[PDB]
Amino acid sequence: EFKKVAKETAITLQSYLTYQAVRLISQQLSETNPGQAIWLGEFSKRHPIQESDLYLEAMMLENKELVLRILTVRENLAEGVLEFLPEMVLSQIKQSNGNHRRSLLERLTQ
């Protein structure tokens, strides 16, 4: 029914998980080797994580070991998290919708 919106959302979710992976790894590094954490910091300024394949490719020219670590962590994160989201986001949207509705209608009064 909304296949083109599913496509775009999954693509985002992919990159978002890649992002979240870079974020765990960035925390480990900041402890383990400061040097690389700084590097990874500014790498992320020069390459937008939101276009993740382009990001990983650009990283290959610089730190192939990490590119590989990212791929593993992102898939793990995917496993732990994906199946939970459709109960979560739905019930969240519903809640949110409720609160916005109440709040809007109460402004019409007050």
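We number the residues from 1 along the sequence you see. Basically, rigid core = biggest C-alpha set you can superpose within 1.5 Å across the two forms.
- Looking at 67-75 and 24-32, the one farther from the shown form in 6 other deposited structures of this protein by average CA distance, after a rigid core fit, turns out to be 24-32.
- After superposition on the rigid core, the larger root-mean-square Cα deviation in 6 other deposited structures of this protein belongs to 96-104, not to the other of 96-104 and 9-17.
- According to the PDB record, 80-88 carries the higher mean C-alpha B-factor of the two stretches 43-51 and 80-88.
- The mean Cα B-factor in the deposited entry runs higher for 28-36 than for the other of 65-73 and 28-36.
- In the deposited entry, the Cα temperature factor of residue 18 sits in the bottom third of values across the chain's modelled residues.
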